[PDB]
Every structure is written in C-alpha cells, then in structure tokens.
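A.B. asks: Chains as they are written, first to last, in the numbering used here: chain U, 1 to 205; chain X, 1001 to 1052; chain S, 2001 to 2231; chain P, 3001 to 3091.
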Amino acid sequence: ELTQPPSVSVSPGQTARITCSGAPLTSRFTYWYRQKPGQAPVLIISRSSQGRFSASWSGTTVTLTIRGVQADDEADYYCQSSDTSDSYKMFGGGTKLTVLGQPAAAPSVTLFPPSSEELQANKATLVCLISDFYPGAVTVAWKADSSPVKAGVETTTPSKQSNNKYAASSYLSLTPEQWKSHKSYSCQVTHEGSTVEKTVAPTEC
Amino acid sequence: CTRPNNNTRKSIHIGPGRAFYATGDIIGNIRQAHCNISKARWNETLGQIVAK
Amino acid sequence: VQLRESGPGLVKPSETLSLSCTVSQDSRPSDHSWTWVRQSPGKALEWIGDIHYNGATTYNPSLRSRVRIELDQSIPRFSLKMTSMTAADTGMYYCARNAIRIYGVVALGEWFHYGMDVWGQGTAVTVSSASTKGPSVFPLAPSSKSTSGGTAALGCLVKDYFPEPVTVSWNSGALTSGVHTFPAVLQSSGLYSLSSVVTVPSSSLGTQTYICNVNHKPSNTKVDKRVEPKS
Amino acid sequence: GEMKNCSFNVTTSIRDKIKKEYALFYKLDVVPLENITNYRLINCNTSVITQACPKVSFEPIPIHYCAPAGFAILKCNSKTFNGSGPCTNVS
Ligand SMILES: *[C@@H]1O[C@H](CO)[C@@H](O[C@@H]2O[C@H](CO)[C@@H](O[C@@H]3O[C@H](CO[C@H]4O[C@H](CO)[C@@H](O)[C@H](O)[C@@H]4O)[C@@H](O)[C@H](O[C@H]4O[C@H](CO)[C@@H](O)[C@H](O)[C@@H]4O)[C@@H]3O)[C@H](O)[C@H]2NC(C)=O)[C@H](O)[C@H]1NC(C)=O
Ligand SMILES: *[C@@H]1O[C@H](CO)[C@@H](O[C@@H]2O[C@H](CO)[C@@H](O[C@@H]3O[C@H](CO)[C@@H](O)[C@H](O)[C@@H]3O)[C@H](O)[C@H]2NC(C)=O)[C@H](O)[C@H]1NC(C)=O
Ligand SMILES: *[C@@H]1O[C@H](CO)[C@@H](O[C@@H]2O[C@H](CO)[C@@H](O[C@@H]3O[C@H](CO)[C@@H](O)[C@H](O)[C@@H]3O)[C@H](O)[C@H]2NC(C)=O)[C@H](O)[C@H]1NC(C)=O
Ligand SMILES: *[C@@H]1O[C@H](CO)[C@@H](O[C@@H]2O[C@H](CO)[C@@H](O[C@@H]3O[C@H](CO)[C@@H](O)[C@H](O)[C@@H]3O)[C@H](O)[C@H]2NC(C)=O)[C@H](O)[C@H]1NC(C)=O
Ligand SMILES: *[C@@H]1O[C@H](CO)[C@@H](O[C@@H]2O[C@H](CO)[C@@H](O)[C@H](O)[C@H]2NC(C)=O)[C@H](O)[C@H]1NC(C)=O
Ligand SMILES: *[C@@H]1O[C@H](CO)[C@@H](O[C@@H]2O[C@H](CO)[C@@H](O)[C@H](O)[C@H]2NC(C)=O)[C@H](O)[C@H]1NC(C)=O
Ligand SMILES: *[C@@H]1O[C@H](CO)[C@@H](O)[C@H](O)[C@H]1NC(C)=O
C-alpha cells in the first residue's frame, strides 16, 4: 500500500536519513512511531503546528532525522497517513534499522540437565541452554559424548533481547532410555573457530 | 457573532500625508469567523412559520 | 494512561473474534479517539478502525465487510468483532488512543491528529484450529557446589501449552530483576517447549527457593512449582 | 487558510521613490488573470475605491423620524396585519 524503506544502516554518530513515499503527504502530514522487539510501540512525533527528532513537510517523501545517535536506537519503524476522506492510513513492508559496532558472538550460558518427575513420567527432554550472543550463526550441534549424534528435535530462531542480543536457545526431546543410559552428553558452541561450551551428566548422586 | 482572527495595525502612506491601514498579522491558529446560533430555539420559531 | 487487553486469543478457521480492551485511567476520557492495530507475526503493521463517542464510523475500508467496532458508554471498555476473515495474517493485536487536542471546540474547525500516543500491553491472537492443552509442572533442579555468592542455575521446565500467550513470574511476583525467559518452537506437534530460567546470586537460600507462576490463557491453569532445594 | 501572501508596488511618502510592500487581505478581494500566481484587484474594474472612516462606529443606534409642523405620522399599534388594510386603533 505504502512505499516504506526496507532497511537502512546507521552513520557512526552522524547524519540520519529515512524516506517513506506516498500520494497524500501534503494532505495528512506524516506520523512515525516505533515497534520495540517483543514490546509495545512508543511515541516519536510531536505534531501541533496546523521531541528531539524533526522532519520537513514535503510532497515527495517528507523524510525524518533522528540526530547523531548511533546506539540506544534500533527498532521496526512505520508511517500512518490519513486519506482525504479519512479512509485508511496505509503501511509498507516495515522499516528494520541496524546499528554498527559491538563485539562478535560470545554466548555466556551454562547447560541444563532434566531432573525428577520429567524423566520418570515418559520423556527425558534435554534443555541444553545456550544464549546471549551478537550476532547469531552459532551451531549448537548436540553430542551424545565427544562424537556428535543427530536426534534433531528443534532449535529456535534467534530473538532480540536486552542490548540487541540474540537469545532463542535450542531444546531437545528424547526418551529417558536414551539419556539416563549409555554416554554422558555435551552440546557445543560454534561461531568462528574458538567458542566456549560446557557438559551435562545423567546422574550426580 | 465573533471573529477569532486576531490582526495587528499596518499603515502604509500613499503619497503625501494620506495613510492606508490594512490587516497586519494573525496571532494564533487559523479559524473561521464563527457566528453561532441555537438549535432548539430556532426550531421553535420555525414551528409557527410552517404552521402559518 | 493504562490499558488491559482481554478476550480469547484462539479462533477456529473463519468463525468470529470477540477481542476486548479496558481503559484503566484517564483525565479526559471522551474527547480523545480510539484505534486498533494489526501487528504481523514479524513483518509490518496494519490499521484497524477509529472509533469516537459521537458515533463515528471511521474504519479500515480494505476489510470493510469484516469490521464491527463496539463502544460502551458506561465505562471506557472497547470491543472488536472480526467476521469471516481471521486466518490470513495472524500474530499480535495492540490497542492505542488517538489524541485530538482541539484548539477550538468547533468539530469541523480545528481538529487534528497527534497520533497513537497511548498503547497497551497487547495480547497474542493466533489462528490454527485445535483445542487447549495443560502445562506440565516439572522442575530442573539447581547446579551449586561453590563457596560464596556466585553462579546459580534455577530451572523451570514444562512439556506443553496451546496458545502463544505465556505468563511466567518468579517468587510469585517479587524479584524479577534477573529473569531470562527464552522463546521456543512448536517442535512440529504444535506444543511449544518454552522454558524460563532465573540467574540468582547463590548466597544462603533454604525456604527462599524461587517459585515459578504459571497462569496459561483460556484454561486458566494456576499451578505454581517450587524448584527442588539442592546444593 | 483563505489568506494570500501578496506583494505589490505602492508610492511611499515621496512620489518619485517607489517601495514594494507586503500586506494581508481576505478571500474574494482579488480575481485571477494569469510558477507564480499573477492576478488583479476586483475594484479596478468597477469603481474608484476610497479608505473608510477611522474610529467611526458603523453600528446602528435608535433613529426616530420626526415629521414637520402642520403634518403628523399615523401610528399603527394594532395587533394583526393582513399586508396593508384598515386598522383598529389608529394613533
Ligand atoms: C442537514 O444537517 C444534517 C446533520 O446535522 C445532515 O445529515 C448528514 O448528511 C451527511 C451527508 O454527507 C452524512 O455524512 C457524514 O457527515 C458527518 C458529520 O458529523 C455528523 O454526524 C456526527 C456523528 O458522530 C454527529 O455527531 C455530528 O453532529 C454531525 O451531525 C461526517 O463526520 C461523516 O464522516 C465520518 O466518517 C468519515 C468516513 O466514513 C470519516 O472521514 C470522518 O472521520 C467521520 O468520522 C460523513 O461525511 C451524515 O451521515 C448525515 N447524518 C447526520 C447524523 O448528521 C443533512 O444532510 C443536512 N441536509 C442537507 C440537505 O445537507
Ligand atoms: C423541533 O425539534 C423538536 C425535537 O427536538 C420537535 O419536538 C417534538 O415535536 C413532536 C411532534 O411535533 C412532539 O411529539 C408529541 O409529544 C407529546 C408528548 O406528550 C405526545 O403527547 C404527542 O402525541 C406527540 O408524540 C414532541 O413532544 C416534541 N419534543 C421532542 C421529541 O423534542 C419539534 O416538533 C421540532 N419542530 C417542529 C417540527 O415544528
Ligand atoms: C509574506 O510572508 C513572508 C514570510 O516569508 C514575509 O517576508 C519575510 O520576512 C522575514 C522577517 O520579517 C525576512 O527575514 C529576515 O530578514 C532580516 C532583516 O532583513 C535578516 O537579517 C534575517 O537574516 C532574515 O533574512 C524575510 O527575508 C522576508 N522574505 C523575503 C524573501 O524578503 C512577507 O513580508 C509576508 N507578506 C505578505 C503578507 O505578503
Ligand atoms: C387582508 O385580509 C382581508 C380579509 O380576508 C382582505 O379582505 C378581502 O378583500 C377582497 C378584495 O381585496 C374581497 O374580495 C371580493 O369580495 C366580494 C364580496 O361581494 C366578492 O363579490 C368578490 O368576488 C371578491 O371575492 C374579500 O371578500 C375580502 N375578504 C373576505 C370576506 O373574503 C384584505 O384585502 C386583505 N389585504 C390584502 C389586500 O392582502
Ligand atoms: C514592483 O516593482 C518591481 C520592480 O523591480 C517588480 O520586480 C520585477 O517584476 C517583474 C514582473 O512583475 C519581473 O519581470 C522583473 O524581473 C522583476 N525584477 C526583479 C527585481 O526580479 C515587482 O514584481 C513589482 N511588484 C508588483 C507585483 O507590483
Ligand atoms: C391600540 O389599542 C390599545 C388598547 O386596546 C392601546 O394600548 C395602550 O397604549 C397606551 C399608550 O400609552 C399604553 O400606555 C398602554 O399600556 C397600552 N395598553 C396595552 C398594554 O396594550 C394602543 O396604544 C393602541 N394603538 C396605538 C396605535 O397606539
Ligand atoms: C473586470 O473589468 C473588465 C473591464 O471591462 C471586465 O471586462 C471584466 O469582465 C471584469 N471582471 C470579471 C468579470 O472578471
């Protein structure tokens, strides 16, 4: 419906620029607003003429500048413009901005073995937790011991949490006659060569 | 009958002595004159107009 | 100011949706308008409605044979009715207030939009048929063999739940400073294996074994589980 | 709104020197003729315009009419009237 920009990167603490094209523009101004990852959207515009970030009332694209702020600002942006007869507001294919910087993927989360009733009920279901990394591309690839076993239950697609950290983690679902039997178990962390991982044991006492 | 168009005084002299006064600048939001009237009172007055 | 969303977040293919939202606090609750928002699973956004107390019928015309907006006079609670089309784009539904701030009381004279300034919590409405399932309460037990105030591994498990909304609160709603809840995939079956973990400072805990609050959504299952006291 | 930022040539205090002035006016006071809007004033056509009276009230006050000596105004303080005819209580 609307000509929204798909994705634009950030300048290193410099000039910011966005567009969003359409037919009204000179009719019912602009109105932006931002969708926080997994959180409720918040205020951007301060329209009153019949804060911080401003724009020019143009008939081409209007545009919007968010000053020289590199970090602290990364979310999905949109635009709501009323038709001459108050018909619709129209929205494009979203605006997913990205911020430059931060170190490589450092997952600092220990492993989790299943205990008590779960095992004696019907299924083992190894939790195998690995989270808190920027960016993704971390292959969990769970092992029965030191030799990697298939099993392949499920691995969740990375979700944005805290300071742009992707933490979806992987979850296994095997039977107790596969966990509290044979080998120890240990899932790895693999991003680019060197990455730290832990181990899980079936019984401690 | 009101006119919430708030105008200043602009005087431009046309030749010798003669002074021309025109609309200066409108202070505030853009709005219509705004006369206003009652709904029911008028209806009541119209009541006997249509009857007559 | 405050907005609390209600209604069942489950609809069978087509059918109807009775989505609800209550306005908790407001200084001026009449002059300001009302809007509904259709958030895509992880793509964009879609406009719904626009309702005002005077009986204003301004709505989304793209889905005009689907729109039925309810406005209750006594109380500021609002309802939305979705007829025939429900399964096309399913994700999240947010409710927001569209400010007016009229300079002059002339309805046609000085009316303008400030936009959607006040947004609510937002409930998850997913359409994929099937029926509701109960959440299994099984703990994971902690990993502690240290000395002083260091690393701890408190774990809440579970085996299944039917709709996307998940309600998890540690220590029955007390210390929620360091709570790490992670999303999970359906595992082809439809039953998501969502797990919430808390990283507490392992100091001296006996009775203070942080409990997990499970509230679900339609079945309203309230089963609190205590993490096994092991060190 | 219905106001237009107009520019024009007005002879200042001195006849020889000419100054370009900007002033406001309401809608319908000007009529089009031709990037930039080029038009004329509605007066030039029809009549010679003059500036109205300053600090003079253009609002009515009770103006009674007095007939001269040897003449009288017949007052009709009658209740009903059928669009001219004979009255009841002529004063
Ligand atoms: C004599 O006077 C009456 C009313 O006093 C006229 O009746 C209306 O006729 C118009 C014809 O176009 C209809 O159109 C609509 O006008 C609305 C104006 O608001 C009126 O209704 C509201 C209802 O809340 C009252 O509160 C208010 O006092 C007014 O009487 C517009 O607001 C409408 O637009 C709305 O929806 C559109 C699009 O769906 C959105 O753009 C806007 O945001 C807005 O929300 C619409 O244009 C109107 O329905 C008639 N009825 C009423 C009840 O007024 C008579 O027509 C007139 N006589 C003649 C011969 O003209
Ligand atoms: C001006 O508008 C008003 C409404 O705002 C109209 O007033 C209503 O006029 C009707 C019929 O002329 C009245 O109806 C009668 O009510 C009495 C009440 O006892 C009932 O006994 C009669 O059988 C009849 O139903 C009504 O009372 C009156 N009031 C309302 C509803 O406001 C008015 O008629 C309009 N002007 C006109 C058309 O002259
Ligand atoms: C029509 O509206 C315009 C508004 O753009 C009016 O003219 C403009 O007036 C401003 C301020 O009065 C001028 O700007 C400033 O001038 C000063 C001193 O000369 C200078 O130091 C500043 O740096 C700044 O430039 C502005 O230039 C002027 N526009 C032009 C192009 O001359 C205009 O008077 C209005 N009149 C009507 C009703 O037609
Ligand atoms: C104001 O109302 C009165 C009362 O109706 C008007 O009087 C009417 O005057 C006309 C002539 O101006 C009369 O018409 C003629 O009556 C004779 C009677 O023999 C008849 O033969 C003729 O064929 C014709 O109908 C009329 O009768 C009279 N009122 C009555 C009793 O019907 C008066 O002129 C009105 N003012 C005006 C001029 O609007
Ligand atoms: C007032 O007189 C000035 C004299 O310079 C006008 O300026 C010129 O306007 C004409 C067209 O109306 C142009 O062709 C010239 O090129 C202009 N000169 C400049 C300085 O660019 C001015 O427009 C007159 N104003 C009116 C409307 O009376
Ligand atoms: C019409 O007749 C009436 C009486 O039927 C006259 O009415 C009075 O006029 C005097 C003049 O001073 C007043 O002081 C009275 O109060 C009036 N009485 C009232 C209350 O009606 C009337 O003046 C007559 N018409 C003309 C032409 O004057
Ligand atoms: C303006 O005056 C001229 C002079 O004859 C006349 O022709 C013209 O029609 C007038 N105004 C209109 C109707 O635009």
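C-beta atoms are modelled at their ideal positions from N, C-alpha and C, and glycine is treated no differently.
Below 8 Å, can you find three or more Cβ-Cβ pairs linking the region 115-122 of chain U to the region 49-65 of chain U?
C.D. replies: These segments do not touch.
A.B. asks: So which residues on chain U does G2115/S lean against when the C-beta distance must stay under 9 Å?
C.D. replies: The contacting residues are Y31, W32, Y33, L43, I44, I45, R47 and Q80.
A.B. asks: Do you know whose CA, among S81/U, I130/U and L126/U, lies nearest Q188/U's CA?
C.D. replies: Taking only the C-alpha atoms, the option nearest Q188/U is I130/U.
A.B. asks: What residues in the region 167-184 of chain U have a beta carbon less than 7 Å from any beta carbon of chain S?
C.D. replies: From the region 167-184 of chain U, only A167, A168, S169, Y171 and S173 have a Cβ closer than 7 Å to chain S.
A.B. asks: Under the three-state reduction of DSSP, which class applies to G193/U: helix, strand or coil?
C.D. replies: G193/U: coil per DSSP, three-state reduction.
A.B. asks: Considering only heavy atoms of ligand 4 and the C-beta of each residue, which residues fall inside 7 Å, strictly closer?
C.D. replies: Counting every residue whose Cβ lies closer than 7 Å to a heavy atom of ligand 4, we get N3082/P, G3083/P, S3084/P and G3085/P.
A.B. asks: Looking at C-beta atoms only, is the number of pairs between the region 74-82 of chain U and the region 21-29 of chain U that lie closer than 8 Å three or more?
C.D. replies: At 8 Å Cβ cutoff, the stretches touch.
A.B. asks: For residue 2978/P, which beta-bridge partners are listed by DSSP?
C.D. replies: Outside the shown range of chain P (3001 to 3091) lies residue 2978/P, about which nothing can therefore be said.
A.B. asks: Listed from N- to C-terminal order along the chain, which residues in the region 2090-2119 of chain S have their beta-carbon within a distance smaller than 8 Å of any beta-carbon of chain X?
C.D. replies: Those residues of the region 2090-2119 of chain S that come within reach of chain X (Cβ to Cβ, closer than 8 Å) are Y2103, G2104, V2106, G2109 and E2110.
A.B. asks: Kindly indicate if chain U contains any beta-carbon less than 8 Å away from that of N2060/S.
C.D. replies: Yes - at least one Cβ of chain U is within 8 Å of the one on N2060/S.
A.B. asks: Using a cut-off of 8 Å between C-beta atoms, extract the partners of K2043/S located in chain U.
C.D. replies: Correct list: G93 and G94.
A.B. asks: Between the region 2001-2008 of chain S and the region 2019-2033 of chain S, do three or more beta carbon pairs fall short of 8 Å?
C.D. replies: Yes, since at least three Cβ pairs between the region 2001-2008 of chain S and the region 2019-2033 of chain S fall closer than 8 Å, the two stretches touch.
A.B. asks: Using three-state DSSP, classify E2228/S as helix, strand or coil.
C.D. replies: Note: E2228/S maps to coil in three-state DSSP.
A.B. asks: Give the residues whose C-beta lies closer than 6 Å to at least one heavy atom of ligand 7, in chain order.
C.D. replies: Those residues, listed in chain order, are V3031/P and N3045/P.
A.B. asks: With 8 Å set as the bound, which would you pick, yes or no: does the beta-carbon of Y88/U sit closer than that to a beta-carbon of chain S?
C.D. replies: It does; some Cβ of chain S falls within 8 Å.
A.B. asks: What does DSSP give as the partner residue(s) for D3029/P in the beta ladder?
C.D. replies: Partner(s): none; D3029/P has no beta bridge.
A.B. asks: What residue from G1015/X, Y1021/X, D1025/X and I1014/X has the CA that sits closest to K3055/P's CA?
C.D. replies: Measuring from the Cα of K3055/P, the nearest candidate turns out to be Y1021/X.
A.B. asks: Any heavy atom of ligand 2 closer than 7 Å to the CB of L1046/X?
C.D. replies: Checking every heavy atom of ligand 2 against the Cβ of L1046/X, one is found closer than 7 Å.
A.B. asks: Is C3006/P close to ligand 6? I mean its beta-carbon at under 7 Å from any heavy atom of the ligand.
C.D. replies: No.
A.B. asks: Between the region 129-148 of chain U and chain S, which residues of the former have a C-beta closer than 9 Å to a C-beta of the latter?
C.D. replies: Under the 9 Å Cβ criterion, the region 129-148 of chain U contributes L129, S131 and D132.
A.B. asks: If contact means a Cβ-Cβ distance below 7 Å, which residues of the region 47-61 of chain U contact chain S?
C.D. replies: Result list: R47 and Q50.
A.B. asks: Would you mind telling me which residues of chain S sit closer than 9 Å to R1031/X, beta carbon to beta carbon, in chain order?
C.D. replies: What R1031/X touches in chain S: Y2103, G2104, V2106, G2109 and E2110.
A.B. asks: At 7 Å on the CB atoms, spell out the chain P contacts of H1013/X, in chain order.
C.D. replies: By Cβ distance, chain P contributes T3012 and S3013.
A.B. asks: Skipping 5 residues on each side, what residues in its chain have a beta carbon closer than 6 Å to that of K3027/P?
C.D. replies: These residues qualify, in order along the chain: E3002.
A.B. asks: Can you pull the chain U neighbours of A2141/S, defined as C-beta to C-beta under 7 Å?
C.D. replies: The contacting residues are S115 and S116.
A.B. asks: Measure the alpha-carbon distance for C2212/S versus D2224/S and round it to whole angstroms.
C.D. replies: Each residue's alpha carbon lies about 6 Å from the other.
A.B. asks: Using a threshold of 7 Å, is the CB atom of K3020/P nearer than that to any non-hydrogen atom of ligand 5?
C.D. replies: Yes, the beta carbon of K3020/P sits closer than 7 Å to at least one heavy atom of ligand 5.
A.B. asks: Name, please, each residue of chain P whose Cβ falls closer than 7 Å to the Cβ of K1010/X.
C.D. replies: Here the neighbours are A3023.
A.B. asks: Any beta carbon of chain A sitting closer than 8 Å to that of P2013/S?
C.D. replies: No chain A is part of this structure, whose protein chains are labelled U, X, S and P.
A.B. asks: Which residues in the same chain as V2127/S place their Cβ atom closer than 8 Å to its Cβ, once the five residues preceding and following it in sequence are excluded?
C.D. replies: Counting only Cβ-Cβ distances below 8 Å, and skipping sequence neighbours, we find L2010, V2011, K2012, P2013, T2086, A2087 and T2090.
A.B. asks: Residues in the same chain with beta-carbon distance under 6 Å from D1025/X, minus the five sequence neighbours each way, listed in chain order, please.
C.D. replies: Correct list, in chain order: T1008.
A.B. asks: With distance defined between alpha-carbon atoms, name the residue in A144/U, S27/U and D72/U nearest to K183/U.
C.D. replies: Cα-wise, what sits closest to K183/U is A144/U.
A.B. asks: Could you please give the first and the last residue of the uninterrupted alpha helix (DSSP H) stretch that includes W1042/X?
C.D. replies: Here the alpha helix (DSSP H) through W1042/X covers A1040 to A1051.
A.B. asks: On the CB-based measure, 16 or more other CB atoms within 10 Å of its CB, does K1052/X come out buried or exposed?
C.D. replies: Exposed is the call here.
A.B. asks: Nearest-angstrom Cα distance between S170/U and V153/U?
C.D. replies: When rounded, the distance between both Cα atoms is 9 Å.
A.B. asks: Could you check which residue in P2229/S, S2193/S and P2135/S has the C-alpha nearest to that of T2207/S?
C.D. replies: The candidate whose alpha carbon is nearest that of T2207/S is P2229/S.
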